[PDB]
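Peer 1: Taken in sequence, the protein lines are chains A and A'. A prime marks a further copy of an entry chain. The deposited numbering numbers the first residue of the first sequence as 21 and each following residue consecutively. The deposited numbering numbers the first residue of the second sequence as 154 and each following residue consecutively.
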Amino acid sequence: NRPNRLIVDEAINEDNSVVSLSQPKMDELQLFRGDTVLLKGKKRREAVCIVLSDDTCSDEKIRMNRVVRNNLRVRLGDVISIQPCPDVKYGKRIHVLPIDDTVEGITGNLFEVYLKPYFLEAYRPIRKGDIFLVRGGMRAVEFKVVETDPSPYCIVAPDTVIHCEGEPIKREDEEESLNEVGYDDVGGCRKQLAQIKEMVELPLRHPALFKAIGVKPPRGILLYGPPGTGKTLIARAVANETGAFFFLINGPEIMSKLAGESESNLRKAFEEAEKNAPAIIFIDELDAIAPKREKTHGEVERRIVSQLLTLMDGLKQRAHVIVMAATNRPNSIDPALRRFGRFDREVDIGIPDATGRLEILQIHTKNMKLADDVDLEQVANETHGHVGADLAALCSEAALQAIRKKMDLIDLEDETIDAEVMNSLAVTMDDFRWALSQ
Amino acid sequence: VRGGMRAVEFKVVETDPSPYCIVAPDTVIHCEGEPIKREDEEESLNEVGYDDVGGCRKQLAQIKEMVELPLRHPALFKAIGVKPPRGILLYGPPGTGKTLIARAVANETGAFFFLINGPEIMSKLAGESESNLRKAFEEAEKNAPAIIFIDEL
Ligand SMILES: Nc1ncnc2c1ncn2[C@@H]1O[C@H](COP(=O)(O)OP(=O)(O)O)[C@@H](O)[C@H]1O
Ligand SMILES: Nc1ncnc2c1ncn2[C@@H]1O[C@H](COP(=O)(O)OP(=O)(O)O)[C@@H](O)[C@H]1O
Numbered sequence: 021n022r023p024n025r026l027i028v029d030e031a032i033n034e035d036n037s038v039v040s041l042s043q044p045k046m047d048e049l050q051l052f053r054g055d056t057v058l059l060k061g062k063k064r065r066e067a068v069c070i071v072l073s074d075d076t077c078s079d080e081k082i083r084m085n086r087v088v089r090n091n092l093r094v095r096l097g098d099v100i101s102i103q104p105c106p107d108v109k110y111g112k113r114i115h116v117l118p119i120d121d122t123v124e125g126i127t128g129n130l131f132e133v134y135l136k137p138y139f140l141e142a143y144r145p146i147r148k149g150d151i152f153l154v155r156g157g158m159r160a161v162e163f164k165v166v167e168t169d170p171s172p173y174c175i176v177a178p179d180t181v182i183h184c185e186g187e188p189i190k191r192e193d194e195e196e197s198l199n200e201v202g203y204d205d206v207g208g209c210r211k212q213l214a215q216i217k218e219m220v221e222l223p224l225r226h227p228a229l230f231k232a233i234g235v236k237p238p239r240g241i242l243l244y245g246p247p248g249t250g251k252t253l254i255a256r257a258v259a260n261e262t263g264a265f266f267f268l269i270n271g272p273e274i275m276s277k278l279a280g281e282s283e284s285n286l287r288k289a290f291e292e293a294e295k296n297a298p299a300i301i302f303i304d305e306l307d308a309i310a311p312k313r314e315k316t317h318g319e320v321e322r323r324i325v326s327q328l329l330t331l332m333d334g335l336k337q338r339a340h341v342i343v344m345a346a347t348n349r350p351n352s353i354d355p356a357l358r359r360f361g362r363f364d365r366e367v368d369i370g371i372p373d374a375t376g377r378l379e380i381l382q383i384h385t386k387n388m389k390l391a392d393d394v395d396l397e398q399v400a401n402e403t404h405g406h407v408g409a410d411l412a413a414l415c416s417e418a419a420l421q422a423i424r425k426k427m428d429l430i431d432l433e434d435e436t437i438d439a440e441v442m443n444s445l446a447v448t449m450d451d452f453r454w455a456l457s458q
Numbered sequence: 154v155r156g157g158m159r160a161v162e163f164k165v166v167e168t169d170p171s172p173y174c175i176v177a178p179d180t181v182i183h184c185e186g187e188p189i190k191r192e193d194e195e196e197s198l199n200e201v202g203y204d205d206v207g208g209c210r211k212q213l214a215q216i217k218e219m220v221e222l223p224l225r226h227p228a229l230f231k232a233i234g235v236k237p238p239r240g241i242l243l244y245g246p247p248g249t250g251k252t253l254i255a256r257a258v259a260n261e262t263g264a265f266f267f268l269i270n271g272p273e274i275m276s277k278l279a280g281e282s283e284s285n286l287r288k289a290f291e292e293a294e295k296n297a298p299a300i301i302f303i304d305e306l
């Protein structure tokens, strides 16, 4: 019912110019190994990419990274149409500007540091209005294509002139920053994400379904695991990734308000999540609010839990809002929070495995220049019981250590850090060694 | 100059062979009886320094590199995306020099310092106590780069 309509799935290839289909689909569509394609999605939007084959992709689905997925205004699960675009040709001019909130903090020649490397002999196809990301100098810069000579699409070839007229455009509301949490910023968890994903899929993406249906979707999702496991990161991603409205509640934070002023906040919070539903309410250190078991004691401490219980049971309505909480383990939480209609779903986010760390390591080093001697697999292999928060700290320390030896001693700090400088600096295996040895 | 169980600070107001010279057995030394007032940007030597700490070495080496960049090269973090250590916890029995250590790193790094003491905070009336914690943190930020040292945590 249109051989060219596919379900936007996740990417295997992190490159902004490629999208993957399955060979049988490439046949049915008569597409080849490197063909440039025209992709149509929502809000009457389009994108141009290179299509490769992917034996793990299904005939119906299409793999595409978050950059393209945004250029198209679609979320995972959504459907787009694909059409060949052989008529595309070498670009003449190209005007692009950086998105202001992605270059604050730096000064220098971005073109040299970012554009030049990014395009260089890659022949990336671009459509006007495209927004693309480029990583370097320990950060990522967002660029919008303001206009292309062969309009509205063309390939950026070694001859294509690239204008970058010095004024950073301001981001437009409906243009989510790529610097946002995504499923692509989570590693290790997979089965857990698979579960959570399907749990919120319908209620958060197809609300009307529940207006017309009589079945009950899961209402509360509880996340188990030690600190720095990515529970918050996971919840924030599912929200972003699903266009859902997000509202974070933090125990310590709530539990520091004066008696009564504390509950007024819980309610004001829930009350707001509903205003913007579909929404996800994430209670951070939950056990900081609901421990009741044997450890609860206080004509306020108890008055709060009860308040949370009430607020929980208060859910159930139109566009649904789901509640996600986090704690280290069952035992911590008030048994009352389990009572079905409340936190009736549970997900245990263990500690990554060897592969999981390798994955996590990659995610946290994507914006930095790693020397060829850097062996992340080794690093992954020796960090047995680490959790994401650990690995991230490990990367952060290896980079700061690198910054202290190199840049630091030459001394070009405390001023207005130059991109070219930060861009040249490379973290070495020696730098990770230093970090792993503290 | 140290002596009489204390140290005296002296400023050279003028030298004959100006602006520099050697003080030899013949050099006359005037000391006209009026003590000048210290100038803001002239830190007293009677201040805590790494040179007033002994025993710790490896610990100071660590703490030093930990605060080096964030406290001496702030812009780095305005231009960078990495996270510097945020809280440094000091373990050890009483009278180990934890406070002295923290106060030195601050002075020694031109950092702004703000001391918070548990007993002190915990003696304010309910609510009046938290208002102080916030007012404290709030002030350390006004003068950042700064170091907030919570004493008896
Ligand atoms: N699975 C993961 N993938 C990538 N980074 C992770 C992961 N788990 C943790 N982290 C890192 O650790 C920090 C962990 O904190 P957070 O997400 O708040 O986790 P938790 O809620 O368990 O403390 C995250 O911001 C992220 O940088
Ligand atoms: N390593 C040290 N070197 C020099 N003096 C020290 C040292 N440790 C402690 N002291 C002395 O002991 C007093 C110790 O108190 P303080 O610095 O407040 O330590 P702590 O916070 O552990 O009680 C200091 O003011 C200093 O005179």
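Backbone N, C-alpha and C define an ideal beta-carbon position, used for all residues, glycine too.
1) Note down, in chain order, all residues in the region 405-427 of chain A with a beta-carbon under 9 Å from any beta-carbon belonging to chain A'.
2) Determine, using beta carbons only, whether A:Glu433 and A:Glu132 come nearer to each other than 8 Å.
3) Report the option in A:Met84, A:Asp395, A:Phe267 whose CA atom is closest to the CA atom of A:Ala297.
4) Looking at the unbroken alpha helix (DSSP H) that takes in A:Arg147, where does it start and where does it end?
5) Alpha carbon to alpha carbon, what distance is there between A:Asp393 and A:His404?
6) Could you tell me whether any Cβ in chain A is nearer than 8 Å to the Cβ of A':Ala259?
7) Check the DSSP bridge columns for A:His115 and list the partner residues they point to.
8) Is it the case that the region 157-168 of chain A contacts the region 102-119 of chain A, given that we only count it when at least three CB pairs across the two stretches are under 8 Å?
9) From A:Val258 to A':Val201, what distance separates their C-alpha atoms?
10) Using beta-carbon positions only, say whether A:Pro238 and A:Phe230 come within less than 8 Å of one another.
11) Tell me the DSSP secondary structure of A:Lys81 in three-state form.
12) What in chain A is Cβ-close to A':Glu221, meaning under 7 Å?
13) Starting from A':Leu268, find everything on chain A with Cβ-Cβ shorter than 9 Å and list it in chain order.
14) Would A':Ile233 pass as an interface residue toward chain A - the criterion being a Cβ-Cβ separation below 8 Å?
15) Considering just the uninterrupted stretch of the alpha helix (DSSP H) at A:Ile324, what are its terminal residues?
16) 8 Å is my cut-off, CB to CB: does A':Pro237 come that close to chain A?
17) Give the DSSP-derived three-state secondary structure of A:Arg89 in the structure shown.
18) Please check if any C-beta of chain A sits within less than 8 Å of the C-beta of A':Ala160.
19) Among the candidates A:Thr436, A:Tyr143, A:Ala160, A:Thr168, whose CA atom is the shortest distance from the CA of A:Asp150?
20) For the 8 Å Cβ check, are there 3 or more pairs between the region 234-248 of chain A and the region 317-325 of chain A?
21) For A':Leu198, I'd like the list of residues in its chain whose CB is within less than 7 Å of its CB, leaving aside the five on either flank, ordered along the chain.
22) Hey, how far is the Cα of A:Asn129 from the Cα of A:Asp121?
23) When you measure from the CB of A:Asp205 to every non-hydrogen atom of ligand 1, does any distance come out below 7 Å?
24) Expressed to the nearest angstrom, what Euclidean distance is found between the alpha-carbon atoms of A:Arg362 and A:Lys211?
25) Using 10 angstroms around the beta-carbon of A:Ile269, count the other beta-carbons present and answer buried if the total reaches 16, otherwise exposed.
26) Just to confirm before moving on: does the CB-CB distance between A:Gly54 and A:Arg93 stay below 8 Å?
27) If we cut at 8 Å on Cβ distances, does A':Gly271 have a partner in chain A?
28) Determine, using beta carbons only, whether A':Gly263 comes closer than 8 Å to chain A.
Peer 2: Based on what the coordinates show:
1) Within the region 405-427 of chain A, the residues whose Cβ lies closer than 9 Å to some Cβ of chain A' are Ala412, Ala413, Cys415, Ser416, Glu417, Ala419, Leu420, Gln421, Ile423, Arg424, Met427, listed in chain order.
2) For A:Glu433 and A:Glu132, no; Cβs fall outside 8 Å.
3) The residue from A:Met84, A:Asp395, A:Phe267 with its alpha-carbon nearest to that of A:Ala297 is A:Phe267.
4) No alpha helix (DSSP H) holds A:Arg147; the beta strand (DSSP E) holding it covers 144-147.
5) Near 21 Å, if we compare the C-alpha coordinates of A:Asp393 and A:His404.
6) So, not an interface residue.
7) Beta-bridge pairing links A:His115 to A:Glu167, A:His183.
8) Yes: the two stretches touch, three or more of their Cβ pairs being nearer than 8 Å.
9) It is roughly 51 Å from the alpha-carbon of A:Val258 to the alpha-carbon of A':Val201.
10) Not a contact, by the Cβ cut-off of 8 Å.
11) Strand, per DSSP.
12) Within chain A, the residues placing a beta-carbon under 7 Å from that of A':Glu221 are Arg424, ordered along the chain.
13) None at all; the shortest Cβ gap to chain A is about 22 Å.
14) Output row for A':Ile233: interface = yes.
15) It spans 321-333 - the alpha helix (DSSP H) in which A:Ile324 sits, taken as one unbroken run.
16) Taking a beta-carbon distance threshold of 8 Å, A':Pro237 counts as an interface residue toward chain A.
17) A:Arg89 falls in the helix class under three-state DSSP.
18) No, because no Cβ of chain A sits closer than 8 Å to the Cβ of A':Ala160.
19) Among A:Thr436, A:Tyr143, A:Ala160, A:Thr168, the Cα nearest to that of A:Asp150 is on A:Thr168.
20) Short answer: they don't touch.
21) The answer, listed in chain order, is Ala160, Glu162.
22) A straight line joining the alpha-carbon of A:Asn129 with that of A:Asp121 spans about 17 Å.
23) Under cutoff, so the answer is yes.
24) Distance between the alpha carbons of A:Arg362 and A:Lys211: 23 Å.
25) The residue is buried, with at least 16 neighbouring Cβ atoms inside 10 Å.
26) Against a cut-off of 8 Å, the Cβ pair of A:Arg93 and A:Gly54 comes out as no contact.
27) Chain A contact via Cβ: absent.
28) It does not; no Cβ of chain A falls within 8 Å.
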